[PDB]
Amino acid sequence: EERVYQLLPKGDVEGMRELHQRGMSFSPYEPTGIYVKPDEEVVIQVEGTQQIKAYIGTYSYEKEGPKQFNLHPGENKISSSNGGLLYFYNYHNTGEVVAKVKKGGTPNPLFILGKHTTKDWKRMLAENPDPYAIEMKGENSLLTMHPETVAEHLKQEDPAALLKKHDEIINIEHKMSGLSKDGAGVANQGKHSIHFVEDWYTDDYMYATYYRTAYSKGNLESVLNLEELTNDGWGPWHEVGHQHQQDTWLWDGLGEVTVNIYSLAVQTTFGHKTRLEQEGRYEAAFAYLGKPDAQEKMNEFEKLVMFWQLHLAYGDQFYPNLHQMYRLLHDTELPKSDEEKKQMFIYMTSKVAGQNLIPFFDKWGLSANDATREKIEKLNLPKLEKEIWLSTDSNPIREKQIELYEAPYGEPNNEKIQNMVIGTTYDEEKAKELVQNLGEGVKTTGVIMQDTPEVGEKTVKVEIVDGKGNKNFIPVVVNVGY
């Protein structure tokens, strides 16, 4: 009756979040399929050297949030007044960690894509009738659902096809973010999945926040019905989009705008006409072209037009390259205000495009200041040849297709998780030893950056450069001290 988990090293959700410049973390959960009752003591044994974290409870599934646990190697006795599902968090980057649940707890359906069969699923449901929850785990996704809700909306013999679709969507949004499984540094999507939670304790419709996206009662059809997710899945696409938004070009007014760049990505990828096109949002937005107050007048879907136009105009690679370029910014060049984010966006997009985009932004009433004009002027980029502010999906206006940014490769070095005096931004020698297996032509620059300077043992970013002059930041764990 001992249940053993081989917890892979996943790294830190907060780490990833900061490296990505995203507003909220991905899920830290590795599910166990073990429900633990209120006040039930669970005996769990951690083998090997490394310590890990654990949770009793599921974010957004109960009224009260999950209780959290630090597991020292050897024997532990954890317990929650509220009970809940058990999850493990091997937040380290190196070393698999074996955790054994010796006593306490009871089985709860957990279906893992690529591990379980239709037979296992059927058996699972029959053996654990009317359980606390249903959990379904894909490569990139986790679903924590009420059982009556799965029984109503799952239209397949097993959850496999559904998980594959959810993973497909998540990967599309990762891709749009210039983030991949293999990529190093600013291209690394990280090892954490996206969590979808049926939340019976909110009046909100759907929402996204740290660790998970959640869906209030009666609103789960497009998360659980494969055809609805595929064909009419805006809600979940959008909430996943929120977890993807990067704050560095998220000024006031864009919170409910840029999220839908990801949604439109999924929507067009699945072969559907854009919500923009269906809602006549283009013609509605064009009524403001050349009007100076356009940004104050346009609604959130109107403003979405401009952003999507750049996608149509340059490549599927536009937003992938834009995301990465923003992640390469040094501390002093991170935009500190709404106005700065705006001036920065005009500059950064022009560089990704390799064209002076000012006339385009001018049309949308996003005015470059003279500093931004001159700064783009010094780039000697060709002018816009077409009128891309008039672009629609049905009549797209395309400039040159741009290729994907090739980020230089490099790795951390955990040999010696090392010492650093806080606020160091350049150490030629230390930098060379924080990284390893760099690529060809590639070398450290000496630049070192800590996004939120805290003390002790946190991820710092080590800058690298290749023969071309393309940069990357490699995250590594360090001791930061006085």
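All residue numbers are counted from 1 along the displayed sequence.
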item: Greater mean Cα temperature factor according to the PDB record, 74-82 or 349-357; value: 74-82
item: Given 373-381 and 251-259, the range whose Cα B-factors average higher in the PDB entry; value: 373-381
item: Maximum C-alpha temperature factor, selected from 418, 32, 445, 58; value: 418
item: Maximum C-alpha temperature factor, selected from 217, 323, 336, 311; value: 336
item: Modelled-residue ranking by C-alpha temperature factor, third containing residue 147; value: lowest
item: CA B-factor ranking of residue 293, expressed as a third of its chain; value: highest
item: Ranked against its chain, the third holding the CA B-factor of residue 23; value: lowest
item: Record-listed C-alpha B factor of residue 287: chain third; value: highest
item: CA B-factor ranking of residue 400, expressed as a third of its chain; value: highest
